[PDB]
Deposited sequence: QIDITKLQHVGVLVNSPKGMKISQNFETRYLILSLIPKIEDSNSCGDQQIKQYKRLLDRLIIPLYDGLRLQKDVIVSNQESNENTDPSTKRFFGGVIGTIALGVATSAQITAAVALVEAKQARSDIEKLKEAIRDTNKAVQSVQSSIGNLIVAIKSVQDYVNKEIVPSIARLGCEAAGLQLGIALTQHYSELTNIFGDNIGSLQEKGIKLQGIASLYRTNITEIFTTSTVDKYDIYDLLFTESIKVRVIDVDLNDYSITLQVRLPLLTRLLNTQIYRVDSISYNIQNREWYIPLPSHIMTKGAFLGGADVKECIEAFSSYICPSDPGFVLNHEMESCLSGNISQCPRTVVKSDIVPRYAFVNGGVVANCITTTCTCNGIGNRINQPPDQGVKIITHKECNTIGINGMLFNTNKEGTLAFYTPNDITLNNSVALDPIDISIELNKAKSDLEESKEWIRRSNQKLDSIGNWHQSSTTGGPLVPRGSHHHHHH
């Protein structure tokens, strides 16, 4: 193959080829509910809910798997009575205290029979809740990664975060049987060739078993696949055009056309189920190879034949039959008899125009943001600590006085 632009054919993006036939099969077990242990069974009510949620997920995948399997397979006396009085007075101050004690005891038992237990329960409920958040973030994450896999019983690609559960810290380690290039796995990701299919579901453990099949690419020696676009071209005052296949191949010193219908284009090569090459008729064969005298050219008489095509950042066109402008509809672009087409470059003309149609360079837009609302956690609800010191301090202060008077009553009681 050469440079037969002068005849309107443009061969570009040269690329290698690999055949995907061999593969490694690993199985991945998804466990939907973590081993949960809570002594007092606080997170009990919640576990129950999280399971009914899982069932709504698992059960359908089950019924489906079962269907698939189903098909496939009177003076002293005054002082006397004055004592009796004061005495009866002390006896009542007793029953008084005898009641403050009961009152005080009742308070204790309240605090123990109601308040403390409540505080307890509340915490239990809140421990349970804390678990709900946990399970929920799990179900969330679970579904986001293997959600499309758990939804169909057919093969599917696998997200990066799903592959991340196959290797520890080096993606290469995904293949635990062979050794693989950094390069080779990249072609796998960019192509999403790694496929996953759900094989079974255990309704009791709440686990889904997936079968992933990793392709092992076989590289091909000396094979290159190019893309080709043909445009009309002028020679003297006549316009010609050569229709050719979309892709050309090169195996050793042989060339032919490549049918990439079933393949997938990777970064530096195409990964195919099998060699895509096919033979062209001697004419195209010689034309492409160099003997330009053989090109299957046709005189163009219809507006249908394309007179321009886009190639790697820029346009290729027949500027004789198509009006090519440079940076405005007033700057006509010439093309010497020398060639059959002109390669207008965006470096050359920022806005290259073809028959009025303006083709510019990617225009940056205004930056966008996906942002959540700022959350401020207005702390709990505070309670002012109770204060009785002022009262208790007086009780203890009267108390003392009481003692002093008794002290005095005794030294006065001294009359020997």
item: Sequence ranges without modelled C-alpha atoms (deposited numbering); value: 1-3, 77-123, 467-490
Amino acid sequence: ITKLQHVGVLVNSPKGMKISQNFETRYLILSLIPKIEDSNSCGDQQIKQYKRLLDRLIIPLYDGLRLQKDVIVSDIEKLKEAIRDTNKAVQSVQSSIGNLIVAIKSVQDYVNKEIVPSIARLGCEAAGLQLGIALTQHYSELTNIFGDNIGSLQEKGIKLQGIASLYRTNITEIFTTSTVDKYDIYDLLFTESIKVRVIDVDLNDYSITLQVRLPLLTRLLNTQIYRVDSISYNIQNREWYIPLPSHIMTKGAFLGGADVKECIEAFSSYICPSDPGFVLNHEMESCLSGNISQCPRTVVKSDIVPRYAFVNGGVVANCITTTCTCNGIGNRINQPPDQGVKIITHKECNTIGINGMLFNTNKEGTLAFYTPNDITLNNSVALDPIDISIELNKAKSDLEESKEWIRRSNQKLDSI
From here on, numbers count along this sequence of modelled residues.
{"item": "Selected stretch [higher average CA B-factor]: 367-375 or 34-42", "value": "34-42"}
{"item": "Residue range whose averaged C-alpha B-factor is higher in the record, 132-140 or 171-179", "value": "171-179"}
{"item": "Options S274, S106, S268, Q94 - largest CA temperature factor per the record", "value": "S268"}
{"item": "Deposited CA B-factor, highest of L216, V73, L160, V260", "value": "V73"}
{"item": "Within-chain third of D85 by Cα B-factor, per the entry", "value": "highest"}
{"item": "Record-listed C-alpha B factor of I352: chain third", "value": "middle"}
{"item": "Chain thirds of CA B-factor: placement of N22", "value": "lowest"}
{"item": "Within-chain third of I248 by Cα B-factor, per the entry", "value": "middle"}
{"item": "Lowest, middle or highest third - CA B-factor, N331", "value": "lowest"}
